[PDB]
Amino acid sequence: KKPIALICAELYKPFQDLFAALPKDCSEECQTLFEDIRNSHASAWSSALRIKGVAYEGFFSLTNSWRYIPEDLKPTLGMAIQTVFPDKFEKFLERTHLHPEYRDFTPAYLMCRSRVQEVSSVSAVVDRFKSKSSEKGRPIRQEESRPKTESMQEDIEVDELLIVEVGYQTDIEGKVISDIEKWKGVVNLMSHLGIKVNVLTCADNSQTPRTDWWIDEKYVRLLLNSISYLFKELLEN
């Protein structure tokens, strides 16, 4: 009973509040996609999908004080090895001839420890996810490279990468389980290169209590009163 144009109207104030709190390239993108929705039920759905995730990933960057990287400028695995572990990068090509798809894997966040974005403590991140998971039962999956059964060491430091996977989908467990299965092969590859990498993965959905997401509640309200409402109104009308 409501035409696309009318829906984008009723959801103008809820959406202005969304673009206001996002990072620039995030607000800027989610704004283009909302004008393709106003000028769109399929094509509109397709754009409202990308806003759902791009907006979540900007609030995720905000919550964790990380940097929002638009997909066009996210690094691949081969890019992180090339820059961060150049002495092994050629060997990172040899062992990836039967699985060259590995080279272009592109997570939401490809971090490395302060010698690809840089983070203070890779271990401090993994513990904050493990803490929330344990305290709120929020499904996460984590993996860590480990050549043979090697021990950590206190007399030398090593470069290391952090691979984060986030997502705003209704099947949370399936996403974390499917994310961890995709990085599993490359994690085993890193073990055989002597490269220390950690893979995190998590997901929220709109049924999660607002006080228990991976983004602050203030950003949950912003997401619910907009991207979600627009989706309800998009199926109804």
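Don't overthink the numbering: it's just position in the shown sequence, from 1.
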Residues of the deposited sequence that sit between residue 41 and residue 40 yet are not modelled: 1 to 3
Gap size, residue 116 back to residue 115 (deposited sequence, no coordinates): 10 or more
Stretch exceeding the other in mean C-alpha B-factor - 198-206, 64-72: 64-72
Mean C-alpha temperature factor, higher of 31-39 and 170-178: 31-39
Chain third (lowest, middle, highest) by recorded CA B-factor, residue given as residue 107: middle
CA B-factor ranking of residue 45, expressed as a third of its chain: highest
Lowest, middle or highest third - CA B-factor, residue 219: middle
Third of the chain, ranked by Cα B-factor, where residue 83 sits: middle
Record-listed C-alpha B factor of residue 98: chain third: highest
